[PDB]
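By convention in this document, chain letters (A, B, ...) are assigned in the order of the sequence lines, proteins followed by strands, and residues within each chain are numbered from 1. Each ligand, and each atom within it, is numbered from 1 in the order the structure gives.
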Amino acid sequence: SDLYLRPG
Amino acid sequence: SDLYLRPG
Amino acid sequence: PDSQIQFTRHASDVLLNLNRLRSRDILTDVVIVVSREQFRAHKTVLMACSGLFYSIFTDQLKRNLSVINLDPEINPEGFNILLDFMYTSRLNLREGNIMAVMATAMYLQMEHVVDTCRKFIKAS
Amino acid sequence: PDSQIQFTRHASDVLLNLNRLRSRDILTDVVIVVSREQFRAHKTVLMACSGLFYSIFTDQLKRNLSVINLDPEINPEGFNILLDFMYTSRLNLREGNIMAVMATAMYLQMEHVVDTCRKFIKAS
Ligand SMILES: [Cl-]
Ligand SMILES: [Cl-]
Ligand SMILES: [Cl-]
Ligand SMILES: [Cl-]
Ligand code: NA
Ligand code: NA
Ligand code: NA
Ligand code: NA
Ligand code: NA
Ligand code: NA
Ligand code: NA
Ligand code: NA
Ligand code: NA
Ligand code: NA
Ligand code: NA
Ligand code: NA
Ligand code: NA
Ligand code: NA
């Protein structure tokens, strides 16, 4: 995937 | 590490 | 046969340093105007991220504009979110801004951002 | 508490697009000269990668130079290897160029490259 979620 | 080796 | 040395953090370090230049107004060469609000930037970063800006600055007549006005119906916060994305790789999509961000990304011809907006709209 | 969306390939895509601009001579704004050999580049990329270029283009008098000459004792291929590194994250170190690359990187104040050269010299 070209996206990931990470801490704000 | 800040470096890695990969194919030429 | 040769192998290659690659620096893991080089590209993100370059972007971080370019964003620091932008924050300090160093070597910025264009102001983008949306509904009387101004955003300073580096033309090359804009061209590297946006099909619209690539088209503008490859046009001989428009290449040397120092101020670019966008369609005043564009949401300037949507533009600001996309400008920050260009310089950071982080896209601040929220329920309350996703439609404005998507419309602005379509206008700026940022196809990967548009695809991402469509993904989040479809999931919700 | 908010979380963030990050695009994995954004920074490397920006660098790839900047390198394409360099190859096509689009929006390049400086020529670097080493021993009668010329290299076109974008000032902002140079400043983002090199302490020397950051110092030059933040000096009011030097900011608007369009041609910069480096010490003619510098190896121009060492410079070319470092310029390619700036725009690609890949550092073409070889037994036959490592000393020239290290000396050039020290001159350009590229501390991470210098550390990497010292690592490979020590290992061999
Ligand atoms: Cl400046
Ligand atoms: Cl995009
Ligand atoms: Cl041009
Ligand atoms: Cl470095
Ligand atoms: Na940043
Ligand atoms: Na800075
Ligand atoms: Na043209
Ligand atoms: Na034209
Ligand atoms: Na103008
Ligand atoms: Na508007
Ligand atoms: Na918002
Ligand atoms: Na490239
Ligand atoms: Na190009
Ligand atoms: Na100064
Ligand atoms: Na000065
Ligand atoms: Na000059
Ligand atoms: Na030389
Ligand atoms: Na070489």
- Verdict with reasoning, D:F7 to A:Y4, per ring-ring contact (aromatic ring centres under 6.0 Å, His included): CA-CA 7 Å; D:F7 282 54; A:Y4 63 92; 9.4 Å; no

N, O or S of [X] under 3.0 Å from the Na ion (ligand 10):
{"X": "C:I74", "value": "yes"}
{"X": "C:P72", "value": "yes"}
{"X": "C:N75", "value": "no"}

Which atom pairs, one a donor and one an acceptor, fall under 3.5 Å between side chains of residues 110-118 of chain D and the rest of the protein, sequence neighbours left out?
{"unit_1": "D:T116", "atom_1": "OG1", "unit_2": "D:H112", "atom_2": "O", "d": "3.0"}

Should we count CZ of B:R6 as having more than 12 external heavy atoms under 6.0 Å? yes

Q) Quick one: is the NZ or CZ of D:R22 closer than 6.0 Å to the six-membered ring centre of D:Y87, and within 45° of its axis? A)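 Yes, D:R22 lies over the aromatic ring of D:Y87.
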
